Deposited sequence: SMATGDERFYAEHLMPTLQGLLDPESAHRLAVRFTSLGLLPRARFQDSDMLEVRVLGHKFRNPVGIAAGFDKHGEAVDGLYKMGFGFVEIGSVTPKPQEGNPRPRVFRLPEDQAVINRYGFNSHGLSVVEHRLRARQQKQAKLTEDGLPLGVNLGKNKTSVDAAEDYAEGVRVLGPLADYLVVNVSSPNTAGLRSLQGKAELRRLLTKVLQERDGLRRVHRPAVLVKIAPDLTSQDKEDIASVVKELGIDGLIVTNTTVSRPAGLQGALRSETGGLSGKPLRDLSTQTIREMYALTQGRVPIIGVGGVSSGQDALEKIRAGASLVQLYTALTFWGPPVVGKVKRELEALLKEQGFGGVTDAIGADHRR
(Lines of atoms letter the chains of each structure in order from A and count residues from 1; the text may use other names and numbers.)
(Lines give C-alpha, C1' and ligand atoms only; values in the text may rest on other atoms or scores of the structure.)
Protein backbone atom coordinates (compact mmCIF):
# COMPACT_ATOMS: atom_id res chain seq x y z
CA UNK A 1 0.00 0.00 0.00
CA UNK A 2 2.20 2.90 1.30
CA UNK A 3 0.22 6.00 0.45
CA UNK A 4 -2.98 3.96 0.83
CA UNK A 5 -2.31 3.30 4.52
CA UNK A 6 -1.26 6.88 5.31
CA UNK A 7 -4.40 8.29 3.69
CA UNK A 8 -6.85 5.72 5.04
CA UNK A 9 -5.53 5.52 8.62
CA UNK A 10 -4.10 9.04 9.19
CA UNK A 11 -4.77 11.80 6.66
CA UNK A 12 -8.45 11.38 5.81
CA UNK A 13 -9.41 10.88 9.52
CA UNK A 14 -7.48 14.09 10.37
CA UNK A 15 -9.17 16.12 7.57
CA UNK A 16 -12.56 14.71 8.71
CA UNK A 17 -12.09 16.01 12.30
CA UNK A 18 -11.06 19.44 10.98
CA UNK A 19 -13.65 20.02 8.18
CA UNK A 20 -17.39 19.46 7.78
CA UNK A 21 -18.32 17.26 4.79
CA UNK A 22 -19.14 20.15 2.38
CA UNK A 23 -15.97 22.14 3.17
CA UNK A 24 -13.95 18.96 2.67
CA UNK A 25 -15.73 18.40 -0.65
CA UNK A 26 -15.07 21.98 -1.79
CA UNK A 27 -11.38 21.78 -0.82
CA UNK A 28 -11.01 18.39 -2.56
CA UNK A 29 -12.38 19.87 -5.79
CA UNK A 30 -9.94 22.79 -5.62
CA UNK A 31 -6.89 20.61 -4.92
CA UNK A 32 -7.91 18.09 -7.62
CA UNK A 33 -8.32 20.87 -10.26
CA UNK A 34 -4.88 22.10 -9.23
CA UNK A 35 -3.27 18.67 -9.74
CA UNK A 36 -2.35 18.39 -6.04
CA UNK A 37 -2.75 14.62 -5.95
CA UNK A 38 -0.72 11.72 -4.52
CA UNK A 39 2.05 10.82 -6.97
CA UNK A 40 -0.71 1.60 -10.89
CA UNK A 41 0.15 1.01 -14.59
CA UNK A 42 -2.92 0.43 -16.76
CA UNK A 43 -3.00 -3.15 -18.08
CA UNK A 44 -4.84 -4.58 -21.14
CA UNK A 45 -7.02 -6.72 -18.78
CA UNK A 46 -8.91 -3.64 -17.49
CA UNK A 47 -9.81 -2.17 -20.89
CA UNK A 48 -13.52 -2.13 -21.72
CA UNK A 49 -15.18 -1.15 -25.02
CA UNK A 50 -18.81 -0.02 -24.57
CA UNK A 51 -21.16 2.92 -25.39
CA UNK A 52 -19.08 3.22 -28.59
CA UNK A 53 -15.91 4.04 -26.61
CA UNK A 54 -12.70 2.54 -25.25
CA UNK A 55 -12.36 2.72 -21.44
CA UNK A 56 -8.69 2.25 -20.35
CA UNK A 57 -10.06 0.98 -17.04
CA UNK A 58 -13.60 0.35 -15.74
CA UNK A 59 -13.38 2.52 -12.57
CA UNK A 60 -15.03 5.93 -12.89
CA UNK A 61 -15.82 8.85 -10.60
CA UNK A 62 -19.58 9.00 -10.05
CA UNK A 63 -21.70 12.12 -10.53
CA UNK A 64 -21.84 14.62 -7.71
CA UNK A 65 -18.16 14.97 -6.87
CA UNK A 66 -17.42 17.31 -9.86
CA UNK A 67 -20.91 18.82 -10.33
CA UNK A 68 -19.65 21.93 -12.29
CA UNK A 69 -16.81 20.39 -14.37
CA UNK A 70 -13.84 22.03 -12.57
CA UNK A 71 -11.56 19.01 -11.86
CA UNK A 72 -11.95 16.68 -14.90
CA UNK A 73 -8.18 16.59 -15.71
CA UNK A 74 -7.22 16.08 -12.03
CA UNK A 75 -9.63 13.11 -11.87
CA UNK A 76 -7.89 11.37 -14.83
CA UNK A 77 -4.60 12.06 -13.00
CA UNK A 78 -6.11 10.25 -9.94
CA UNK A 79 -6.48 7.24 -12.29
CA UNK A 80 -10.21 7.14 -13.16
CA UNK A 81 -10.82 5.36 -16.51
CA UNK A 82 -13.74 7.78 -17.05
CA UNK A 83 -15.20 10.94 -15.47
CA UNK A 84 -18.86 11.91 -15.02
CA UNK A 85 -19.64 15.57 -14.16
CA UNK A 86 -22.95 17.02 -12.88
CA UNK A 87 -25.72 16.85 -12.10
CA UNK A 88 -25.96 20.08 -14.21
CA UNK A 89 -29.26 22.06 -14.26
CA UNK A 90 -30.45 24.33 -17.15
CA UNK A 91 -30.27 27.51 -15.04
CA UNK A 92 -27.89 28.11 -12.06
CA UNK A 93 -29.43 27.28 -8.68
CA UNK A 94 -28.07 27.35 -5.15
CA UNK A 95 -29.50 24.09 -3.82
CA UNK A 96 -30.67 23.32 -0.31
CA UNK A 97 -29.61 25.41 2.74
CA UNK A 98 -26.52 24.27 4.74
CA UNK A 99 -25.83 21.97 6.39
CA UNK A 100 -26.78 19.50 3.63
CA UNK A 101 -24.02 16.83 3.74
CA UNK A 102 -23.53 14.41 6.64
CA UNK A 103 -20.89 11.86 7.56
CA UNK A 104 -21.66 8.43 9.04
CA UNK A 105 -18.13 7.22 9.81
CA UNK A 106 -19.25 4.13 11.76
CA UNK A 107 -21.13 2.92 8.63
CA UNK A 108 -18.65 4.14 5.97
CA UNK A 109 -21.65 6.11 4.69
CA UNK A 110 -22.72 9.64 3.75
CA UNK A 111 -26.18 11.26 3.64
CA UNK A 112 -26.56 14.25 1.30
CA UNK A 113 -29.40 16.64 0.36
CA UNK A 114 -27.49 19.13 -1.84
CA UNK A 115 -30.64 19.77 -3.95
CA UNK A 116 -28.84 20.03 -7.34
CA UNK A 117 -26.63 23.04 -6.51
CA UNK A 118 -25.46 23.87 -10.08
CA UNK A 119 -23.49 26.61 -11.98
CA UNK A 120 -25.96 25.94 -14.82
CA UNK A 121 -25.58 24.78 -18.43
CA UNK A 122 -24.04 28.00 -19.76
CA UNK A 123 -21.20 28.21 -17.22
CA UNK A 124 -20.45 24.49 -17.56
CA UNK A 125 -20.66 24.78 -21.37
CA UNK A 126 -17.81 27.30 -21.54
CA UNK A 127 -15.79 25.41 -18.93
CA UNK A 128 -15.88 22.32 -21.15
CA UNK A 129 -15.36 24.38 -24.29
CA UNK A 130 -12.04 25.72 -23.00
CA UNK A 131 -10.70 22.13 -22.92
CA UNK A 132 -12.78 20.55 -25.70
CA UNK A 133 -9.85 19.40 -27.84
CA UNK A 134 -7.79 18.18 -24.90
CA UNK A 135 -10.84 16.07 -24.02
CA UNK A 136 -11.06 14.81 -27.62
CA UNK A 137 -7.53 13.43 -27.27
CA UNK A 138 -8.37 11.89 -23.88
CA UNK A 139 -11.46 10.15 -25.25
CA UNK A 140 -9.43 8.78 -28.18
CA UNK A 141 -6.90 7.49 -25.61
CA UNK A 142 -9.66 5.63 -23.72
CA UNK A 143 -10.50 8.27 -21.08
CA UNK A 144 -14.09 9.29 -21.90
CA UNK A 145 -16.26 12.01 -20.33
CA UNK A 146 -19.87 11.76 -19.18
CA UNK A 147 -22.23 14.61 -18.39
CA UNK A 148 -25.11 14.11 -15.96
CA UNK A 149 -28.18 16.24 -16.67
CA UNK A 150 -30.60 17.55 -14.05
CA UNK A 151 -33.69 19.77 -13.81
CA UNK A 152 -34.28 23.08 -12.04
CA UNK A 153 -36.29 22.97 -8.82
CA UNK A 154 -38.90 25.37 -10.23
CA UNK A 155 -39.15 24.18 -13.86
CA UNK A 156 -42.64 23.46 -15.22
CA UNK A 157 -41.57 21.09 -18.04
CA UNK A 158 -39.11 18.45 -16.82
CA UNK A 159 -38.60 17.01 -20.31
CA UNK A 160 -37.60 20.38 -21.76
CA UNK A 161 -35.02 20.82 -18.98
CA UNK A 162 -33.39 17.56 -20.08
CA UNK A 163 -33.76 18.52 -23.76
CA UNK A 164 -31.94 21.80 -23.16
CA UNK A 165 -29.21 19.80 -21.44
CA UNK A 166 -28.86 17.48 -24.44
CA UNK A 167 -28.61 20.45 -26.80
CA UNK A 168 -26.13 22.48 -24.75
CA UNK A 169 -23.71 19.82 -23.26
CA UNK A 170 -24.45 16.77 -25.47
CA UNK A 171 -21.97 18.13 -28.15
CA UNK A 172 -19.16 18.12 -25.50
CA UNK A 173 -19.97 14.69 -24.01
CA UNK A 174 -19.19 11.05 -24.81
CA UNK A 175 -22.32 9.99 -22.92
CA UNK A 176 -25.23 11.73 -21.28
CA UNK A 177 -27.03 10.71 -18.10
CA UNK A 178 -30.73 11.38 -17.62
CA UNK A 179 -30.94 11.48 -13.85
CA UNK A 180 -34.49 10.53 -12.93
CA UNK A 181 -33.25 9.21 -9.52
CA UNK A 182 -32.20 12.15 -7.20
CA UNK A 183 -34.26 11.87 -3.96
CA UNK A 184 -33.48 15.58 -3.23
CA UNK A 185 -35.76 17.29 -5.84
CA UNK A 186 -44.65 4.40 -17.64
CA UNK A 187 -45.70 6.12 -20.86
CA UNK A 188 -44.47 9.32 -19.15
CA UNK A 189 -40.91 8.04 -18.84
CA UNK A 190 -41.41 6.93 -22.44
CA UNK A 191 -42.48 10.52 -23.21
CA UNK A 192 -39.36 11.95 -21.48
CA UNK A 193 -36.84 9.55 -23.12
CA UNK A 194 -38.40 9.83 -26.63
CA UNK A 195 -37.82 13.52 -26.40
CA UNK A 196 -34.19 13.29 -25.11
CA UNK A 197 -33.32 10.73 -27.81
CA UNK A 198 -34.85 12.87 -30.59
CA UNK A 199 -32.78 15.83 -29.37
CA UNK A 200 -29.69 13.63 -29.19
CA UNK A 201 -30.29 12.27 -32.71
CA UNK A 202 -30.51 15.86 -33.99
CA UNK A 203 -26.85 16.52 -33.11
CA UNK A 204 -24.05 16.31 -35.71
CA UNK A 205 -22.42 12.83 -35.80
CA UNK A 206 -19.03 13.69 -34.18
CA UNK A 207 -21.06 15.43 -31.47
CA UNK A 208 -23.65 12.69 -30.83
CA UNK A 209 -23.36 11.17 -27.32
CA UNK A 210 -24.74 7.92 -25.98
CA UNK A 211 -27.69 8.43 -23.62
CA UNK A 212 -27.98 6.59 -20.30
CA UNK A 213 -30.66 6.58 -17.61
CA UNK A 214 -29.69 6.54 -13.92
CA UNK A 215 -32.15 4.89 -11.51
CA UNK A 216 -32.70 4.68 -7.78
CA UNK A 217 -32.16 1.51 -5.75
CA UNK A 218 -35.63 2.17 -4.27
CA UNK A 219 -37.70 1.08 -7.30
CA UNK A 220 -40.59 -1.34 -6.91
CA UNK A 221 -40.45 -4.53 -8.98
CA UNK A 222 -43.07 -2.95 -11.26
CA UNK A 223 -40.90 0.15 -11.78
CA UNK A 224 -37.91 -1.96 -12.84
CA UNK A 225 -40.16 -4.01 -15.24
CA UNK A 226 -41.42 -0.72 -16.77
CA UNK A 227 -37.95 0.76 -16.98
CA UNK A 228 -36.47 -2.34 -18.61
CA UNK A 229 -39.33 -2.39 -21.14
CA UNK A 230 -38.99 1.27 -22.21
CA UNK A 231 -35.19 1.16 -22.33
CA UNK A 232 -35.27 -1.75 -24.80
CA UNK A 233 -38.16 -0.29 -26.80
CA UNK A 234 -36.53 3.11 -27.31
CA UNK A 235 -32.98 1.78 -27.73
CA UNK A 236 -31.59 3.56 -24.67
CA UNK A 237 -27.82 3.08 -24.74
CA UNK A 238 -27.40 2.00 -21.12
CA UNK A 239 -28.23 2.36 -17.44
CA UNK A 240 -26.46 3.70 -14.34
CA UNK A 241 -27.45 1.57 -11.34
CA UNK A 242 -27.77 3.13 -8.76
CA UNK A 243 -28.23 6.60 -7.26
CA UNK A 244 -28.39 7.02 -3.47
CA UNK A 245 -31.08 5.35 -1.35
CA UNK A 246 -33.81 7.10 0.62
CA UNK A 247 -34.13 3.92 2.67
CA UNK A 248 -32.26 3.45 5.95
CA UNK A 249 -31.10 -0.18 6.19
CA UNK A 250 -31.42 -1.68 9.64
CA UNK A 251 -28.17 -1.47 11.55
CA UNK A 252 -27.00 2.06 10.72
CA UNK A 253 -25.03 3.35 13.72
CA UNK A 254 -24.17 6.93 12.75
CA UNK A 255 -25.72 9.59 14.97
CA UNK A 256 -26.94 11.40 11.83
CA UNK A 257 -28.62 8.30 10.32
CA UNK A 258 -32.05 9.98 10.39
CA UNK A 259 -31.04 13.12 8.47
CA UNK A 260 -33.12 13.63 5.34
CA UNK A 261 -31.25 12.78 2.18
CA UNK A 262 -29.94 10.02 -0.01
CA UNK A 263 -27.65 7.50 1.67
CA UNK A 264 -24.45 6.36 -0.04
CA UNK A 265 -21.49 4.15 0.70
CA UNK A 266 -21.18 0.74 2.25
CA UNK A 267 -24.82 0.34 3.42
CA UNK A 268 -25.95 0.87 -0.20
CA UNK A 269 -23.50 -1.61 -1.75
CA UNK A 270 -25.51 -4.82 -1.97
CA UNK A 271 -28.79 -3.02 -2.59
CA UNK A 272 -27.07 -1.57 -5.66
CA UNK A 273 -25.56 -4.90 -6.74
CA UNK A 274 -28.98 -6.57 -6.49
CA UNK A 275 -30.48 -3.80 -8.64
CA UNK A 276 -27.75 -4.32 -11.25
CA UNK A 277 -28.43 -8.06 -11.21
CA UNK A 278 -32.16 -7.53 -11.75
CA UNK A 279 -31.83 -4.90 -14.53
CA UNK A 280 -29.27 -7.05 -16.41
CA UNK A 281 -31.78 -9.92 -16.40
CA UNK A 282 -34.76 -7.78 -17.38
CA UNK A 283 -32.70 -6.44 -20.32
CA UNK A 284 -31.26 -9.88 -21.27
CA UNK A 285 -27.71 -8.59 -20.90
CA UNK A 286 -28.17 -6.39 -23.99
CA UNK A 287 -28.03 -2.97 -22.24
CA UNK A 288 -24.70 -1.74 -20.80
CA UNK A 289 -24.84 -1.03 -17.06
CA UNK A 290 -22.50 1.20 -15.10
CA UNK A 291 -22.59 -0.13 -11.55
CA UNK A 292 -22.37 2.36 -8.66
CA UNK A 293 -22.99 2.03 -4.91
CA UNK A 294 -20.55 1.36 -2.10
CA UNK A 295 -17.53 0.32 -4.17
CA UNK A 296 -14.35 0.52 -2.12
CA UNK A 297 -12.35 -2.58 -3.16
CA UNK A 298 -11.59 -4.88 -6.05
CA UNK A 299 -14.09 -7.39 -4.65
CA UNK A 300 -16.84 -4.75 -4.54
CA UNK A 301 -16.10 -3.82 -8.16
CA UNK A 302 -15.98 -7.42 -9.39
CA UNK A 303 -19.23 -8.37 -7.68
CA UNK A 304 -21.03 -5.67 -9.66
CA UNK A 305 -19.23 -6.67 -12.86
CA UNK A 306 -20.23 -10.30 -12.33
CA UNK A 307 -23.79 -9.15 -11.60
CA UNK A 308 -23.92 -7.37 -14.98
CA UNK A 309 -21.94 -4.11 -14.84
CA UNK A 310 -19.62 -3.26 -17.75
CA UNK A 311 -18.14 -0.36 -15.74
CA UNK A 312 -18.20 0.80 -12.14
CA UNK A 313 -18.13 4.18 -10.42
CA UNK A 314 -17.39 5.27 -6.89
CA UNK A 315 -17.63 8.45 -4.86
CA UNK A 316 -18.18 7.97 -1.10
CA UNK A 317 -15.13 5.68 -0.87
CA UNK A 318 -12.99 8.63 -1.98
CA UNK A 319 -14.29 10.56 1.02
CA UNK A 320 -12.91 7.99 3.50
CA UNK A 321 -9.83 6.55 1.75
CA UNK A 322 -8.73 9.49 -0.39
CA UNK A 323 -7.32 9.39 -3.92
CA UNK A 324 -5.21 6.23 -3.43
CA UNK A 325 -8.41 4.16 -3.35
CA UNK A 326 -8.52 4.41 -7.16
CA UNK A 327 -5.28 2.49 -7.61
CA UNK A 328 -6.30 0.11 -4.82
CA UNK A 329 -9.60 -0.84 -6.45
CA UNK A 330 -7.84 -1.36 -9.79
CA UNK A 331 -5.01 -3.44 -8.34
CA UNK A 332 -7.38 -5.68 -6.36
CA UNK A 333 -9.76 -6.07 -9.33
CA UNK A 334 -6.99 -7.21 -11.69
CA UNK A 335 -5.71 -9.76 -9.17
CA UNK A 336 -9.21 -11.12 -8.56
CA UNK A 337 -9.86 -11.50 -12.29
CA UNK A 338 -6.73 -13.65 -12.66
CA UNK A 339 -7.64 -15.54 -9.49
CA UNK A 340 -11.10 -16.43 -10.84
CA UNK A 341 -9.95 -17.36 -14.35
CA UNK A 342 -11.23 -14.30 -16.25
CA UNK A 343 -9.10 -13.28 -19.21
CA UNK A 344 -10.13 -9.69 -18.56
CA UNK A 345 -12.95 -7.50 -17.30
CA UNK A 346 -14.94 -8.12 -20.49
CA UNK A 347 -15.13 -11.85 -19.78
CA UNK A 348 -16.44 -11.20 -16.26
CA UNK A 349 -19.42 -9.03 -17.26
CA UNK A 350 -22.61 -10.82 -16.24
CA UNK A 351 -20.65 -13.99 -15.39
CA UNK A 352 -22.99 -14.72 -12.45
CA UNK A 353 -25.98 -15.15 -14.79
CA UNK A 354 -24.18 -17.90 -16.77
CA UNK A 355 -23.11 -20.02 -13.77
Worksheet, complete the sentence: Per the record, the structure omits deposited positions 1-3, 43-44, 191-198
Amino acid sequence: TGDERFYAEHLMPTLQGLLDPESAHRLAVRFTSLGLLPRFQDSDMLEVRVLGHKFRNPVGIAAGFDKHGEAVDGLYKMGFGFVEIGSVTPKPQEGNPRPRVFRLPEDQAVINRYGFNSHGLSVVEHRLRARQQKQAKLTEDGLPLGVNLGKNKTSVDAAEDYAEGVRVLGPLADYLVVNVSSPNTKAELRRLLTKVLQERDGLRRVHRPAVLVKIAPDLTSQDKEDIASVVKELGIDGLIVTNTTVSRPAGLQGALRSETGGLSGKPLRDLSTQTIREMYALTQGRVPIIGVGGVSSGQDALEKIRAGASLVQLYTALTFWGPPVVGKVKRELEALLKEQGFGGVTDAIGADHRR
From here on, numbers count along this sequence of modelled residues.
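Only the largest set of C-alpha atoms that superpose within 1.5 Å between the two forms is called the rigid core.
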Worksheet entry | in 9 other deposited structures of this protein, rigid core aligned: more displaced of 187-195 and 263-271 by C-alpha RMS | 187-195
Discussion item. Comparing against the shown form in 9 other deposited structures of this protein, which stretch has the larger RMS C-alpha deviation after a rigid core superposition, 30-38 or 63-71?
Written reply: 30-38
Practice prompt. Identify the stretch, either 14-22 or 328-336, whose C-alpha atoms have the larger mean B-factor according to the entry.
Written response: 14-22
Worksheet item: Taking only the CA atoms, which stretch has the higher mean B-factor in the record, 5-13 or 343-351?
Response: 5-13
Fill in: From 272, 148, 184, 132, residue of greatest CA B-factor
184
Worksheet entry | Residue with highest C-alpha B-factor in the PDB entry, from 237, 201, 94, 125 | 94
Worksheet item: Lowest, middle or highest third of the chain for the C-alpha temperature factor of residue 50?
Response: highest
Worksheet, complete the sentence: Of the three thirds of Cα B-factor ranks in this chain, residue 30 occupies the highest
Discussion item. What third of the chain does residue 76 rank in for C-alpha temperature factor, lowest, middle or highest?
Written reply: highest
Discussion item. Going by the CA temperature factor in the PDB record, which third of the chain does residue 278 belong to: lowest, middle or highest?
Written reply: lowest
Practice prompt. Sorting the chain's modelled residues by C-alpha B-factor, tell me whether residue 266 ends up in the lowest, middle or highest third.
Written response: lowest
